[PDB]
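Q: There's a structure below that I have some questions on.
Throughout, read-outs are computed from the coordinates displayed, never taken from laboratory work.
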Amino acid sequence: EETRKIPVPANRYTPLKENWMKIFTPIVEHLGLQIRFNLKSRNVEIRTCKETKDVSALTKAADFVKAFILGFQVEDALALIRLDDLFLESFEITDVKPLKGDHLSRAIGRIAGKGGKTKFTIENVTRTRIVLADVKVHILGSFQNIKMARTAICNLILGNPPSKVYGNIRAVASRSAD
RNA sequence: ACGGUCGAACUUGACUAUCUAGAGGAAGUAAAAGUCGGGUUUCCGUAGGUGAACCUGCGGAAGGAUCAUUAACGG
């Protein structure tokens, strides 16, 4: 029996505690994996028991809990539980353009937009989920959808206004046999 | 008449300033319906790319649209 341990930061302890039943129930019910949260090591531990139905379910659960810790909602990583062709690609915001200080903050703003609206628009077009950590961007979706979302985000964080980005991603989504 | 003094003005070169004729050159204008025919958020300073514009490099600005998380840490 093998196990996987994944860490949790201090800012994700309370979301883990509130959503704990919605996390451990799908892992143990139909995947059949033991789960605990070590408070000393601050780790979510997932284990294979005799009740595990099939191999690689523990990898599925590990991706689910890792996606929840990175900042995604519990149902958007339950999508990683159910679907097979889903991945979790992430990058830093300074990876494409060296931005210092206030400029960097403005880049973060034009991933969000007003009220988060711009971000949601990309999530509507690329069919992905984007999480903005403090200087990090995480995309959950299919491989081509991750490519479209990262193209939109990289276009946003090197200077393009949101309307041009919307038009470009709508043209690409029309061309992508969606 | 010698000499001294005040000194107009005259001649010669330089510095000039003004007035006044000009062969020629480079132009433009009116007359010829004569001949041939897509990219960009907005900038600043410096440098290069054929002068400017524009593009790129380097360093700066916003005069550019912040969503989500963050009470435990004791045995």
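Q: Hey, how many Å between the Cα centroid of region A:44-79 and the Cα centroid of region A:87-145?
A: Measuring centre to centre over Cα atoms gives 24 Å.
Q: If you don't mind, there's one more thing I want to ask. Write down Rg/Rh for region A:39-147, rounded to two decimals, with Rg from the C-alpha atoms and Rh from the Kirkwood relation over Cα pairs. Please list the in-between numbers first.
A: On the way: Rg = 16.4 Å, Rh = 15.7 Å.
For region A:39-147, the value is 1.05.
Q: List the residues, sorted by chain then number, that are 5 or more residues from A:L33 or on another chain and whose placed amide H is less than 5 Å from its amide H.
A: Here A:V28 satisfy the definition.
Q: Shifting gears a bit: Relative to the longest principal axis of chain A, what angle (0 to 90°, nearest 10) does the C-alpha long axis of helix A:143-156 take?
A: Helix A:143-156 and the main axis of chain A meet at about 40 degrees.
Q: Pull out the extension gain between A:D54 and A:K97, defined as 0.36 nm times the separation in residues minus the alpha carbon to alpha carbon distance; nm, one decimal.
A: 11.1 nm
Q: Continuing with this model, one more query. Measure nothing fancy, just the Cα-based angle from helix A:162-175's long axis to the longest principal axis of chain A, in degrees from 0 to 90, nearest 10.
A: Helix A:162-175 and the main axis of chain A meet at about 70 degrees.
Q: Let me have the 222 nm mean residue ellipticity of chain A computed from DSSP H runs of 4+ only, each contributing -39500 (n - 2.57), with the sum over all residues rounded to the nearest 500.
A: Details: 8 runs with 87 residues, N = 178.
Computed mean residue ellipticity for chain A: -14500 deg cm²/dmol.
Q: Per the Kirkwood treatment, what hydrodynamic radius in Å, one decimal, follows for region A:1-82 from the mean inverse distance over all distinct Cα pairs? Mind dumping the intermediate values first?
A: Details: mean 1/r = 0.0797 Å⁻¹.
With all distinct Cα pairs of region A:1-82 included, I get 12.5 Å.
Q: Sticking with this structure for a sec: What is region A:1-82's relative contact order, in percent, from Cα pairs under 8 angstrom and six or more apart in sequence? Provide the component values of the computation, followed by the final result.
A: Working: 99 pairs, mean separation 26.5, N = 82.
Relative CO of region A:1-82 lands at 32 percent.
Q: Give me the number: length gained by fully extending A:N11 to A:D85, i.e. 0.36 nm times residue separation minus the C-alpha to C-alpha distance, one decimal in nm.
A: Extra length available between A:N11 and A:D85 comes to 23.7 nm.
Q: Expressed as an acute angle from 0 to 90° and rounded to the nearest 10, what is the orientation of the C-alpha long axis of helix A:20-29 relative to the principal long axis of chain A?
A: 60
Q: Would you mind checking the pairs A:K50/A:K119; A:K5/A:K164; A:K66/A:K97; A:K17/A:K114; A:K22/A:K97; A:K22/A:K119 and listing those with alpha carbons more than 32 angstrom apart?
A: The answer is A:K50/A:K119; A:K5/A:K164; A:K22/A:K97.
Q: Here's a follow-up. With an 8 Å Cα cut-off and a minimum separation of 6 or more residues, compute the relative contact order for chain A in percent.
A: 17
Q: Using only the Cα atoms of region A:83-178, what do you get for the radius of gyration and for Dmax, in Å?
A: 12.7, 40
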